Amino acid sequence: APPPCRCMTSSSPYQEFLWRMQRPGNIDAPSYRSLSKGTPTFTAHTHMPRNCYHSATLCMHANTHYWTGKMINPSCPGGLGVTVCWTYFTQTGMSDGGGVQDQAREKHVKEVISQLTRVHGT
Amino acid sequence: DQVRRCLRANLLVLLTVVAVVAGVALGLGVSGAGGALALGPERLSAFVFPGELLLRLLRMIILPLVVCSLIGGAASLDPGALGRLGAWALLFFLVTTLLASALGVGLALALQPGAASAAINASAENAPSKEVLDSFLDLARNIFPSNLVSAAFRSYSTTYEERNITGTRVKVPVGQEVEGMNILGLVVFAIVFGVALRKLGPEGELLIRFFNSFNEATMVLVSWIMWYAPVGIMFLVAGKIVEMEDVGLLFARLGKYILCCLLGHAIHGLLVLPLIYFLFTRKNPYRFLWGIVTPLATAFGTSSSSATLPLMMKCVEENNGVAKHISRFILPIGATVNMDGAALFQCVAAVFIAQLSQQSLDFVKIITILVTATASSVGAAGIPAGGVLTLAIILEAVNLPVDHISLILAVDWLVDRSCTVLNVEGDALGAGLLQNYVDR
Amino acid sequence: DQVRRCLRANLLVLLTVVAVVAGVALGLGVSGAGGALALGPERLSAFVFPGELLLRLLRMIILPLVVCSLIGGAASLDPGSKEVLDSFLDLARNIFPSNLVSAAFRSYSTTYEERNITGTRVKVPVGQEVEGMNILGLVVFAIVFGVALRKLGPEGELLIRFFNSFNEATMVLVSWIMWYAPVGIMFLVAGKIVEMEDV
Amino acid sequence: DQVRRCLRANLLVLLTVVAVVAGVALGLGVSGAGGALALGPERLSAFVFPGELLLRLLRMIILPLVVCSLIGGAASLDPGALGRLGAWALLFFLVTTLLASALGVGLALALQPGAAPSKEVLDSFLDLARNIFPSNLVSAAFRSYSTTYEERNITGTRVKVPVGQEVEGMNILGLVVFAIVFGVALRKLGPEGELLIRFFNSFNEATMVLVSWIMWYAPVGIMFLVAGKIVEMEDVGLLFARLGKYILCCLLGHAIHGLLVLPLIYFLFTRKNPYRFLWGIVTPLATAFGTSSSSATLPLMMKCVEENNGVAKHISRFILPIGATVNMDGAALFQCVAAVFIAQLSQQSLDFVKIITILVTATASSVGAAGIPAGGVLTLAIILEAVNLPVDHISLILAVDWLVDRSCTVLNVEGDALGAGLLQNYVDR
C-alpha cells in the first residue's frame, strides 16, 4: 500500500564527500573506499533526528517499510534538499527526540501491551 | 520535647517519604476515579509538569557541579595518591558489578521468569542493531570528546547506512554526534585538567580557588533546589502511576520477571553492599542508609542517577561526614561508572529473553554475558531508560533474539527506578568505604 | 569655543541623527532612480549587509553583558497557534532551561501535529528545543547565582571580581561597537525604505 | 658516548620521524598482504582507530588553547604596536598566499596535468564576513554559518533568494577575532583586567600541560593514521597512471614554495639561516604531515617556536593562532593547480581574466578554509563557481586527496612559523 521508495545513493562521489564532511562530530576526511561507486542503489539510514525533516511518510522497498523525506540541513544525513530513506525503527536504546521512528516505537510497544493484556484475559 | 527536635532535625526526609506516599496515593486515586481518559492530555501535562520542573532543575545543575567538583578533587590530591585511590575505586566498582550481575543471573535461572512464556506474543520489522566493536569504539570516542562545548549537550554515537538491500547488504557504519550529555568525557577532561592544575603551581592555585568558589555557589543552588524536591518527587510518582494503564493485568504474567528484578535489587542493596561496608569499616550501614534516604527517594522519583547526584553529594557531605574532596572525586565517577542495579536488570532481562525463545544457556554463554554486562555497564548514560542500549549490546554479543525487546520496555518504568536507587546506593557506600580507609 | 565643545561632547547622538537622515535619503534615492527591483534581492542583501553586521555585533554581546553584571547586580544589592496552557508551560520551561550551555543558543518551544491519526483529529503537542537564544533562563540563573554568591562569605569575592571585570571588558566592547553604529542604522534605514513603499 | 645523549635530547624528533616512516612501511606491508580485503571491515576499523583517537585528543584542546593564548597575546602589547604587528602579519600572509597561488597556476599551465545546488561567490564572501563576526559565541564554538537558496516567491517569478542557516564546523575565525578584541579591551582597563589576564594565562598553561601529554602520545597515532590512509587505496596503478601529472604538479609546487621561496624571503628579511628554523620546527612539520590538519599541530608549533627558536611568547601566541586559520599557502597552491587541471580536463581555455579571478578567489578561499583534514576541498567548489566554466566534478581530484592535503598542511604550518620568526626579528631589529 505505501508507494515504492526512491532513495538512491549519491550521484557523484563529491556530493557524498561533502555531506559526510559536514556531519556533526566529524573528525577526519572520509576515505575514497567508503564512498559509493558505480550505479546508484537503494540506501537507508538507521537513525535520523526529527529536526532534519519537515514531514515523513512511509514507503515500501523489498517488502520492508521505510520512512522517507527531504532534508533541510546540509549537516543532516544525505545532504541538503535530498530525498533520503531511513528505517521504520531506530537503533535499540537510541532516540531521535520524537519523530516517526519514536512514534513507531511507542506504537509497537502499545500494541504489545494490548495483545499481552488480551492474552491475560484469555 | 525530644520528639519535636527529632522532627525538626529530620524534617527533609520525613517530607520526602510523605511526598512519596502521597504521590502513590494520588496516582492510585486518579487512576481509579479516572486517568488519562477522564481528563484530557492538556490536563495530564499540567498535572505532571511539577515533576518535569524538578527534573529540569536537577539537570541544570549537573554540568557545572561535576566539572568544578572533579577539577577541585583532582587538583587537591597528589597524582600518585589520586591514581591509587582511583585504582581502589575501580576495583570496588567492578567487584560490585560482578556480584550484582552474578546475583541477577542466579535469581533468573532459579525462578525461571520465561518458563511459561504465555503464547510467545512477539511481527512488523526488525530494529537495527549496533555491533559490539562499534559500541566499544563509541565508548572510547566519548572518552576525550572532540569538542568541549559540544560535549556539554550532545554525544557521539555510531549509526549505519543499510545499502543494497537486494544487493548483498554491507551495513556501512557512519557516526555522528547525537543529543545527550557526554558525562564521561567531561569527567575525564575535568580529572586531567585538575591534575595538570596541581602540576602547575600558583597559577593552578588561582584556578583552584576559582573552581572551588564556583562549586560552593553550585552547592548553594543545590541546597535551594532540595527543598522543592519533595513536591516534584510526589508529582513524578503520581503522574507516572496515572499515565501507565491497566495495573495488575500487565503484571499477571510478568510477575516472575518483576519479582526477579526487584528481589535481586533488594538483596544487593540490603545484604551485599551493607555486608561489604560492615566487613571493611565495622560501622552500621543502616545509619548511612538513613542519612542517604532522600537522595535514594529522589533517584526513585526521577529514575536518573545524574539528576540525583547533587543531592547525594550534599547528603554525603553533611550527614555521615565524608570529606569534601574524596566525596566530590568519588561520587561523580561512580554516577557514570558504578551501575549495579542496571547490570542486574540487564542480566535478568537477557536470561528471561533467552528463556522466552527456548534457548540453552550452558556455561560459556553465562560467562560471556556476565563479562559483557560488566564491561558495558561502564559508560552507560545515567538518563532514564539508559539501560536499553546496553541491554541491546548484550543481546547482540550473546547472539539472542531482539524482537522480544518490547516486553522489556513494557514494564521498565519501575525497575529502572529501582536500578537508579541501587546505583546511587552503591556510589554512597563506596564513598563510605573510601572515607573510612582514609580515616585510618 | 563653547559650541565646538558642545559638538565634540555630543558627537555620537548627532552622528546617529545624521545617519538616520542620510539613510532615509539613500533609501529614497535607491527606490527612485535605478529602482528597487533592478538590483534584485541578490544585490539588496549586499546593499543591506552593514546593517546585518551591526545586528550581529549587537547580538554577539547580549549573553556576556546579561550574565555578567546580572551576577554582579544580584551579588551587590545586599540585604536591607500555541494555546494558553502550552505557552505558559513553555515560559515555565524556559525559565529553568535544564542545560546552561544549550540555553545560550536555543530555547524550548511547543509545536502541534496530527501524528495521532487514530480516531478524532487530536492535536498532540511536542517540544524539540528550537533555535533561540533564551534570555529568560540565563537571566534567572544569573540572578540566582549572584544571590548565592552573596550568601557565600569571602569565598565568593573572587567570583564577584571575576564577573565584574568580565562585565567591564564587555562594556568596553559595547563602547567600541556603538562607534560603528551610525553606518549600521544608516544602511538599515535605507534597506527598510527601499523594501517598502508608501509614497 | 655523546650519541646516546644526543638521541635522548632529540627523542621527540626521532620518535615522530620514525613514526611517520614506520606508518608508511606498515601501510605498504599491509596493502601488499591483502589491501584490507583480507582485513575486513571490523579489523580495518580497529586498525585505523588509534589515529582517530589522536585526532580527537588534539581537537579536544584546540578551542581553549586558541582563545586563551590569543587573549594573552593581545593583552600583552600596546594597541598601536599590536595593530602594526598585525598589519605586517596580514601583509606577509597576503603576499605569500598570492605567490603560492601564482606558482601553482604557472606550474599547472606549464606541465598541463589535465591533458547539485549552486553557491554564488558574493554569498560566499558575505558568509566569510559573517563568520568573522559571529552572532553567538557559544554557538560559534561548535558550528559556523552558511547561506542557502530557496524558492519562496510565486512560480511565475522563480528567483533564488539567499537564506541563512548554521552548519556544523568550528568557526575558529570569529573566535580568533573575539579573543583579540577581548584581549585589547582587557589591556585597555587598568588593574581591573589583571585578574582576568592571570586567569587566562593559568588556563593556557594547564592546556599546555595537556598538550605535552598528548604530544607524547602522538607518534603511535601518527603511525596508525599514515598506515590506515595508505591501506585504504583501491587501484594504485590506474590511479597513478591517471593522476600522476597532477600529483607531480601539486607536490613540486609545494616543495618549491617550502624549500626555495619562503626560505629566501626569511633570509632576505632576516639575514639568518631559515633552515635552522626549519630544523627547530621539524617535529610540528612531521605532526602536520601525520595528522593533515594545521589546528592539531598548532600547540606543538607554538611550543617548538617558543623553545627551540628564539621567539618571544607574545609574538608566537599572537601570530601562530591567526596564521593557522588565515595563512594557507599550500591550500592556495592546491586549489589553483586543481582548478587549472579541471579546466584542462573539460578543454576550456583560460585567458588572462580567468587566471586573475583564479588567483583572487584562491586567496579568498585560503583565507576562508579551515584547518581540518580535506579542508581545502570544500572551497575548491567556490573557486570553480567563480570561474563558472569548471562544473564541479571534483570527484576526480579525490582518492589522492590525503597525501596532497598532508603536503598542504606542511606548507601552511611552515609558512606560519617562518612568518612568526620574521616578525620576531623585525620586532628585535
# chains A, B, ... in the order shown; residues from 1 in each chain; ligands from 1
call {"tool": "residues_around", "arguments": {"residues": "residue 35 (chain D)", "least_positions_apart": "6", "cutoff": "10 Å", "atoms": "only C-alpha atoms", "output": "list in words"}}
result
residues 27, 28, 29, 44, 230, 231, 232, 233 and 234 of chain D
call {"tool": "interface_residues", "arguments": {"of": "chain D", "to": "chain C", "cutoff": "8 Å", "atoms": "only C-alpha atoms", "output": "MDAnalysis selection string"}}
result
chainID D and resid 126 130 133:139 161:162 181:182 185:186 189 192:193 195:196
call {"tool": "write_last_selection", "arguments": {"atoms": "N, CA and C atoms", "output": "PDB file, in the first residue's frame"}}
result
ATOM      1  N   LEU D 126      30.166  37.063   1.633  1.00  0.00           N
ATOM      2  CA  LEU D 126      29.324  37.520   2.734  1.00  0.00           C
ATOM      3  C   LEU D 126      29.299  36.503   3.869  1.00  0.00           C
ATOM      4  N   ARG D 130      30.422  37.212   7.647  1.00  0.00           N
ATOM      5  CA  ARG D 130      29.565  36.882   8.781  1.00  0.00           C
ATOM      6  C   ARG D 130      30.275  35.952   9.757  1.00  0.00           C
ATOM      7  N   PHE D 133      32.559  37.866  12.200  1.00  0.00           N
ATOM      8  CA  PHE D 133      31.843  38.434  13.339  1.00  0.00           C
ATOM      9  C   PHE D 133      30.656  37.544  13.685  1.00  0.00           C
ATOM     10  N   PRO D 134      30.822  36.573  14.580  1.00  0.00           N
ATOM     11  CA  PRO D 134      29.726  35.647  14.885  1.00  0.00           C
ATOM     12  C   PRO D 134      28.617  36.321  15.677  1.00  0.00           C
ATOM     13  N   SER D 135      27.433  35.713  15.615  1.00  0.00           N
ATOM     14  CA  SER D 135      26.265  36.207  16.331  1.00  0.00           C
ATOM     15  C   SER D 135      26.048  35.531  17.679  1.00  0.00           C
ATOM     16  N   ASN D 136      26.811  34.487  17.996  1.00  0.00           N
ATOM     17  CA  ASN D 136      26.655  33.774  19.262  1.00  0.00           C
ATOM     18  C   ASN D 136      27.944  33.021  19.540  1.00  0.00           C
ATOM     19  N   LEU D 137      28.639  33.395  20.617  1.00  0.00           N
ATOM     20  CA  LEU D 137      29.951  32.820  20.904  1.00  0.00           C
ATOM     21  C   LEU D 137      29.855  31.327  21.199  1.00  0.00           C
ATOM     22  N   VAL D 138      28.878  30.932  22.018  1.00  0.00           N
ATOM     23  CA  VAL D 138      28.714  29.521  22.353  1.00  0.00           C
ATOM     24  C   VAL D 138      28.328  28.718  21.116  1.00  0.00           C
ATOM     25  N   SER D 139      27.429  29.260  20.292  1.00  0.00           N
ATOM     26  CA  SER D 139      27.083  28.596  19.039  1.00  0.00           C
ATOM     27  C   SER D 139      28.266  28.577  18.079  1.00  0.00           C
ATOM     28  N   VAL D 161      16.439  33.361  -3.754  1.00  0.00           N
ATOM     29  CA  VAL D 161      16.756  34.308  -2.689  1.00  0.00           C
ATOM     30  C   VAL D 161      17.667  33.611  -1.685  1.00  0.00           C
ATOM     31  N   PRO D 162      18.627  34.315  -1.088  1.00  0.00           N
ATOM     32  CA  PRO D 162      19.527  33.660  -0.132  1.00  0.00           C
ATOM     33  C   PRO D 162      18.998  33.687   1.293  1.00  0.00           C
ATOM     34  N   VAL D 181      39.992  41.012  20.266  1.00  0.00           N
ATOM     35  CA  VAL D 181      39.305  42.216  20.729  1.00  0.00           C
ATOM     36  C   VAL D 181      39.178  42.211  22.248  1.00  0.00           C
ATOM     37  N   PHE D 182      38.877  41.048  22.830  1.00  0.00           N
ATOM     38  CA  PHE D 182      38.746  40.939  24.277  1.00  0.00           C
ATOM     39  C   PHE D 182      40.076  41.188  24.975  1.00  0.00           C
ATOM     40  N   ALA D 185      40.702  44.920  24.857  1.00  0.00           N
ATOM     41  CA  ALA D 185      39.841  45.571  25.839  1.00  0.00           C
ATOM     42  C   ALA D 185      40.339  45.340  27.259  1.00  0.00           C
ATOM     43  N   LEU D 186      40.823  44.130  27.546  1.00  0.00           N
ATOM     44  CA  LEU D 186      41.325  43.819  28.879  1.00  0.00           C
ATOM     45  C   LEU D 186      42.571  44.630  29.203  1.00  0.00           C
ATOM     46  N   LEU D 189      41.634  48.349  30.130  1.00  0.00           N
ATOM     47  CA  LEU D 189      41.393  48.556  31.548  1.00  0.00           C
ATOM     48  C   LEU D 189      42.712  48.534  32.316  1.00  0.00           C
ATOM     49  N   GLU D 192      41.860  46.433  36.813  1.00  0.00           N
ATOM     50  CA  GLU D 192      40.659  45.603  36.804  1.00  0.00           C
ATOM     51  C   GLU D 192      40.849  44.342  35.968  1.00  0.00           C
ATOM     52  N   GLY D 193      41.520  44.455  34.821  1.00  0.00           N
ATOM     53  CA  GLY D 193      41.689  43.317  33.936  1.00  0.00           C
ATOM     54  C   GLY D 193      42.835  42.387  34.272  1.00  0.00           C
ATOM     55  N   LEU D 195      43.293  40.462  36.881  1.00  0.00           N
ATOM     56  CA  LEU D 195      42.800  39.175  37.361  1.00  0.00           C
ATOM     57  C   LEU D 195      42.383  38.279  36.201  1.00  0.00           C
ATOM     58  N   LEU D 196      41.693  38.845  35.209  1.00  0.00           N
ATOM     59  CA  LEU D 196      41.309  38.068  34.034  1.00  0.00           C
ATOM     60  C   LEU D 196      42.530  37.641  33.228  1.00  0.00           C
TER      61      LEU D 196
END
call {"tool": "residues_around", "arguments": {"residues": "residue 303 (chain B)", "least_positions_apart": "2", "cutoff": "9 Å", "atoms": "only C-alpha atoms", "output": "list in words"}}
result
residues 298, 299, 300, 301, 305, 307, 308, 382, 383, 384, 385, 413, 414, 416, 417, 418, 419, 420 and 421 of chain B
call {"tool": "write_last_selection", "arguments": {"atoms": "N, CA, C and O atoms", "output": "PDB file, in the first residue's frame"}}
result
ATOM      1  N   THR B 298      14.797  10.512  45.800  1.00  0.00           N
ATOM      2  CA  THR B 298      14.903  11.363  44.619  1.00  0.00           C
ATOM      3  C   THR B 298      15.262  10.546  43.383  1.00  0.00           C
ATOM      4  O   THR B 298      14.725  10.782  42.294  1.00  0.00           O
ATOM      5  N   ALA B 299      16.175   9.584  43.535  1.00  0.00           N
ATOM      6  CA  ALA B 299      16.525   8.698  42.430  1.00  0.00           C
ATOM      7  C   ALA B 299      15.331   7.860  41.998  1.00  0.00           C
ATOM      8  O   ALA B 299      15.117   7.640  40.800  1.00  0.00           O
ATOM      9  N   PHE B 300      14.550   7.371  42.963  1.00  0.00           N
ATOM     10  CA  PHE B 300      13.355   6.603  42.630  1.00  0.00           C
ATOM     11  C   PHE B 300      12.335   7.461  41.891  1.00  0.00           C
ATOM     12  O   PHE B 300      11.697   6.999  40.941  1.00  0.00           O
ATOM     13  N   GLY B 301      12.156   8.709  42.324  1.00  0.00           N
ATOM     14  CA  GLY B 301      11.217   9.587  41.646  1.00  0.00           C
ATOM     15  C   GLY B 301      11.654   9.956  40.240  1.00  0.00           C
ATOM     16  O   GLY B 301      10.853   9.920  39.303  1.00  0.00           O
ATOM     17  N   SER B 305      20.310   8.744  37.688  1.00  0.00           N
ATOM     18  CA  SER B 305      21.389   8.874  38.662  1.00  0.00           C
ATOM     19  C   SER B 305      22.071  10.232  38.570  1.00  0.00           C
ATOM     20  O   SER B 305      22.510  10.774  39.590  1.00  0.00           O
ATOM     21  N   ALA B 307      20.640  13.086  37.781  1.00  0.00           N
ATOM     22  CA  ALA B 307      19.774  14.110  38.359  1.00  0.00           C
ATOM     23  C   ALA B 307      19.896  14.160  39.878  1.00  0.00           C
ATOM     24  O   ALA B 307      19.907  15.246  40.468  1.00  0.00           O
ATOM     25  N   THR B 308      19.991  13.002  40.526  1.00  0.00           N
ATOM     26  CA  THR B 308      20.078  12.932  41.979  1.00  0.00           C
ATOM     27  C   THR B 308      21.509  12.999  42.494  1.00  0.00           C
ATOM     28  O   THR B 308      21.720  12.882  43.705  1.00  0.00           O
ATOM     29  N   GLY B 382      23.321   7.918  32.471  1.00  0.00           N
ATOM     30  CA  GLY B 382      22.525   7.954  33.678  1.00  0.00           C
ATOM     31  C   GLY B 382      21.120   8.477  33.488  1.00  0.00           C
ATOM     32  O   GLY B 382      20.386   8.625  34.470  1.00  0.00           O
ATOM     33  N   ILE B 383      20.724   8.763  32.252  1.00  0.00           N
ATOM     34  CA  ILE B 383      19.393   9.270  31.932  1.00  0.00           C
ATOM     35  C   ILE B 383      18.383   8.139  32.096  1.00  0.00           C
ATOM     36  O   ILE B 383      18.779   6.964  32.115  1.00  0.00           O
ATOM     37  N   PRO B 384      17.089   8.433  32.245  1.00  0.00           N
ATOM     38  CA  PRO B 384      16.091   7.357  32.274  1.00  0.00           C
ATOM     39  C   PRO B 384      16.097   6.558  30.980  1.00  0.00           C
ATOM     40  O   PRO B 384      16.385   7.084  29.902  1.00  0.00           O
ATOM     41  N   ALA B 385      15.779   5.266  31.109  1.00  0.00           N
ATOM     42  CA  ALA B 385      15.845   4.303  30.005  1.00  0.00           C
ATOM     43  C   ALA B 385      17.243   4.259  29.392  1.00  0.00           C
ATOM     44  O   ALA B 385      17.406   4.163  28.174  1.00  0.00           O
ATOM     45  N   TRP B 413       9.580   0.993  33.577  1.00  0.00           N
ATOM     46  CA  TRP B 413       9.478   2.297  34.228  1.00  0.00           C
ATOM     47  C   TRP B 413       9.754   2.225  35.727  1.00  0.00           C
ATOM     48  O   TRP B 413      10.321   3.165  36.293  1.00  0.00           O
ATOM     49  N   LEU B 414       9.369   1.132  36.385  1.00  0.00           N
ATOM     50  CA  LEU B 414       9.578   0.987  37.823  1.00  0.00           C
ATOM     51  C   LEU B 414      10.919   0.341  38.150  1.00  0.00           C
ATOM     52  O   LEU B 414      11.621   0.768  39.082  1.00  0.00           O
ATOM     53  N   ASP B 416      13.571   0.420  36.387  1.00  0.00           N
ATOM     54  CA  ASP B 416      14.625   1.394  36.118  1.00  0.00           C
ATOM     55  C   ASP B 416      14.841   2.314  37.315  1.00  0.00           C
ATOM     56  O   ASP B 416      15.981   2.671  37.640  1.00  0.00           O
ATOM     57  N   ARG B 417      13.754   2.709  37.981  1.00  0.00           N
ATOM     58  CA  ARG B 417      13.872   3.487  39.211  1.00  0.00           C
ATOM     59  C   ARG B 417      14.583   2.688  40.294  1.00  0.00           C
ATOM     60  O   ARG B 417      15.422   3.226  41.032  1.00  0.00           O
ATOM     61  N   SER B 418      14.257   1.397  40.401  1.00  0.00           N
ATOM     62  CA  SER B 418      14.964   0.533  41.347  1.00  0.00           C
ATOM     63  C   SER B 418      16.455   0.461  41.023  1.00  0.00           C
ATOM     64  O   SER B 418      17.303   0.487  41.927  1.00  0.00           O
ATOM     65  N   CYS B 419      16.789   0.372  39.733  1.00  0.00           N
ATOM     66  CA  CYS B 419      18.185   0.355  39.308  1.00  0.00           C
ATOM     67  C   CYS B 419      18.894   1.642  39.698  1.00  0.00           C
ATOM     68  O   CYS B 419      20.041   1.613  40.153  1.00  0.00           O
ATOM     69  N   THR B 420      18.229   2.782  39.505  1.00  0.00           N
ATOM     70  CA  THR B 420      18.818   4.063  39.882  1.00  0.00           C
ATOM     71  C   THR B 420      19.076   4.129  41.382  1.00  0.00           C
ATOM     72  O   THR B 420      20.127   4.620  41.824  1.00  0.00           O
ATOM     73  N   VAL B 421      18.124   3.633  42.177  1.00  0.00           N
ATOM     74  CA  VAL B 421      18.303   3.588  43.627  1.00  0.00           C
ATOM     75  C   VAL B 421      19.521   2.744  43.985  1.00  0.00           C
ATOM     76  O   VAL B 421      20.354   3.139  44.812  1.00  0.00           O
TER      77      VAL B 421
END
call {"tool": "closest_residue", "arguments": {"among": "A:112, A:21, A:71, A:100", "to": "chain C", "atoms": "only C-alpha atoms"}}
result
A:100
call {"tool": "residues_around", "arguments": {"residues": "residue 73 (chain C)", "least_positions_apart": "5", "cutoff": "10 Å", "atoms": "only C-alpha atoms", "output": "ChimeraX atom specification"}}
result
/C:68,78,142-143,146-147,160,164
call {"tool": "write_last_selection", "arguments": {"atoms": "N, CA, C and O atoms", "output": "PDB file, in the first residue's frame"}}
result
ATOM      1  N   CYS C  68      27.155  38.196  32.990  1.00  0.00           N
ATOM      2  CA  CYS C  68      27.932  39.146  33.756  1.00  0.00           C
ATOM      3  C   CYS C  68      27.130  40.432  33.880  1.00  0.00           C
ATOM      4  O   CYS C  68      26.368  40.800  32.983  1.00  0.00           O
ATOM      5  N   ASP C  78      22.797  43.655  48.430  1.00  0.00           N
ATOM      6  CA  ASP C  78      22.909  43.449  49.874  1.00  0.00           C
ATOM      7  C   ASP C  78      21.546  43.427  50.562  1.00  0.00           C
ATOM      8  O   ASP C  78      20.615  44.123  50.135  1.00  0.00           O
ATOM      9  N   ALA C 142      21.492  33.729  36.285  1.00  0.00           N
ATOM     10  CA  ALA C 142      22.463  34.732  36.709  1.00  0.00           C
ATOM     11  C   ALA C 142      22.034  35.410  38.003  1.00  0.00           C
ATOM     12  O   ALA C 142      22.862  35.631  38.895  1.00  0.00           O
ATOM     13  N   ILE C 143      20.747  35.742  38.129  1.00  0.00           N
ATOM     14  CA  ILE C 143      20.256  36.360  39.360  1.00  0.00           C
ATOM     15  C   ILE C 143      20.411  35.400  40.535  1.00  0.00           C
ATOM     16  O   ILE C 143      20.874  35.783  41.619  1.00  0.00           O
ATOM     17  N   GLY C 146      24.088  35.075  41.463  1.00  0.00           N
ATOM     18  CA  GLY C 146      24.539  36.244  42.200  1.00  0.00           C
ATOM     19  C   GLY C 146      24.056  36.249  43.638  1.00  0.00           C
ATOM     20  O   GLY C 146      24.807  36.593  44.554  1.00  0.00           O
ATOM     21  N   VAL C 147      22.797  35.861  43.857  1.00  0.00           N
ATOM     22  CA  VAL C 147      22.283  35.775  45.223  1.00  0.00           C
ATOM     23  C   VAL C 147      23.047  34.717  46.013  1.00  0.00           C
ATOM     24  O   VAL C 147      23.372  34.914  47.190  1.00  0.00           O
ATOM     25  N   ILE C 160      32.957  37.323  42.282  1.00  0.00           N
ATOM     26  CA  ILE C 160      32.335  38.627  42.063  1.00  0.00           C
ATOM     27  C   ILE C 160      33.278  39.541  41.289  1.00  0.00           C
ATOM     28  O   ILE C 160      32.878  40.205  40.326  1.00  0.00           O
ATOM     29  N   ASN C 164      32.747  40.993  37.536  1.00  0.00           N
ATOM     30  CA  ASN C 164      32.775  42.442  37.356  1.00  0.00           C
ATOM     31  C   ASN C 164      33.803  42.855  36.307  1.00  0.00           C
ATOM     32  O   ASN C 164      33.537  43.739  35.484  1.00  0.00           O
TER      33      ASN C 164
END
call {"tool": "closest_atom_pairs", "arguments": {"of": "chain D", "to": "chain A", "cutoff": "8 Å", "atoms": "only C-alpha atoms", "output": "tab-separated table"}}
result
residue	atom	partner	partner_atom	distance
D:52	CA	A:27	CA	7.3
D:55	CA	A:27	CA	7.0
D:56	CA	A:27	CA	6.7
D:116	CA	A:15	CA	7.9
D:167	CA	A:75	CA	5.9
D:168	CA	A:22	CA	5.7
D:169	CA	A:22	CA	7.1
D:229	CA	A:31	CA	7.8
D:232	CA	A:33	CA	6.3
D:233	CA	A:33	CA	7.1
D:234	CA	A:33	CA	7.0
D:372	CA	A:28	CA	7.6
D:373	CA	A:29	CA	5.6
D:374	CA	A:29	CA	5.9
D:378	CA	A:18	CA	7.3
D:393	CA	A:14	CA	7.2
D:394	CA	A:14	CA	6.0
D:395	CA	A:14	CA	4.9
D:398	CA	A:32	CA	7.0
D:399	CA	A:32	CA	5.3
call {"tool": "atom_distance", "arguments": {"atom1": "CA of residue 105 (chain B)", "atom2": "CA of residue 370 (chain B)"}}
result
8.2 Å
call {"tool": "select_by_dssp", "arguments": {"residues": "region 183-326 of chain B", "states": "alpha helix (DSSP H)", "output": "JSON, numbers by chain"}}
result
{"B": [183, 184, 185, 186, 187, 188, 189, 190, 191, 192, 193, 194, 195, 196, 197, 198, 199, 200, 202, 203, 204, 205, 206, 207, 208, 209, 210, 211, 212, 213, 214, 215, 216, 217, 218, 219, 220, 221, 222, 223, 224, 225, 226, 227, 228, 229, 230, 231, 232, 233, 234, 235, 236, 237, 238, 239, 240, 241, 242, 243, 251, 252, 253, 254, 255, 256, 257, 258, 259, 260, 261, 262, 263, 264, 265, 266, 267, 273, 274, 275, 276, 277, 278, 279, 280, 281, 285, 286, 287, 288, 289, 290, 291, 293, 294, 295, 296, 297, 298, 299, 300, 301, 302, 309, 310, 311, 312, 313, 314, 315, 316, 317, 318, 324, 325, 326]}
call {"tool": "residues_around", "arguments": {"residues": "residue 187 (chain C)", "least_positions_apart": "4", "cutoff": "8 Å", "atoms": "only C-alpha atoms", "output": "tab-separated table (two decimals) with N, CA, C and O atoms, in the first residue's frame"}}
result
chain	number	residue	atom	x	y	z
C	23	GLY	N	20.38	57.81	5.84
C	23	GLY	CA	19.78	56.55	5.47
C	23	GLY	C	18.44	56.73	4.79
C	23	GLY	O	18.14	56.04	3.81
C	47	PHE	N	23.63	45.19	-0.32
C	47	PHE	CA	23.39	46.59	0.00
C	47	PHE	C	23.05	46.78	1.47
C	47	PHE	O	23.48	47.75	2.09
C	48	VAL	N	22.26	45.86	2.04
C	48	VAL	CA	21.83	45.98	3.43
C	48	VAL	C	22.77	45.25	4.39
C	48	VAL	O	22.54	45.25	5.60
C	49	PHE	N	23.84	44.63	3.87
C	49	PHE	CA	24.78	43.89	4.71
C	49	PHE	C	25.37	44.65	5.89
C	49	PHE	O	25.54	44.02	6.95
C	50	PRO	N	25.75	45.94	5.80
C	50	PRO	CA	26.26	46.61	7.01
C	50	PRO	C	25.28	46.64	8.17
C	50	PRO	O	25.70	46.52	9.34
C	51	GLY	N	23.98	46.77	7.90
C	51	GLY	CA	23.00	46.70	8.97
C	51	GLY	C	22.94	45.32	9.60
C	51	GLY	O	22.82	45.20	10.83
C	183	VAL	N	26.77	53.91	10.73
C	183	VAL	CA	26.72	53.23	9.43
C	183	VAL	C	25.65	52.15	9.44
C	183	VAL	O	24.91	51.98	8.46
C	191	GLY	N	17.68	50.20	3.77
C	191	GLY	CA	17.08	48.95	3.35
C	191	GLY	C	15.59	48.88	3.64
C	191	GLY	O	14.81	48.39	2.82
call {"tool": "interface_residues", "arguments": {"of": "chain D", "to": "chain B", "cutoff": "12 Å", "atoms": "only C-alpha atoms", "output": "MDAnalysis selection string"}}
result
chainID D and resid 40:65 137:143 168:170 195:214 296
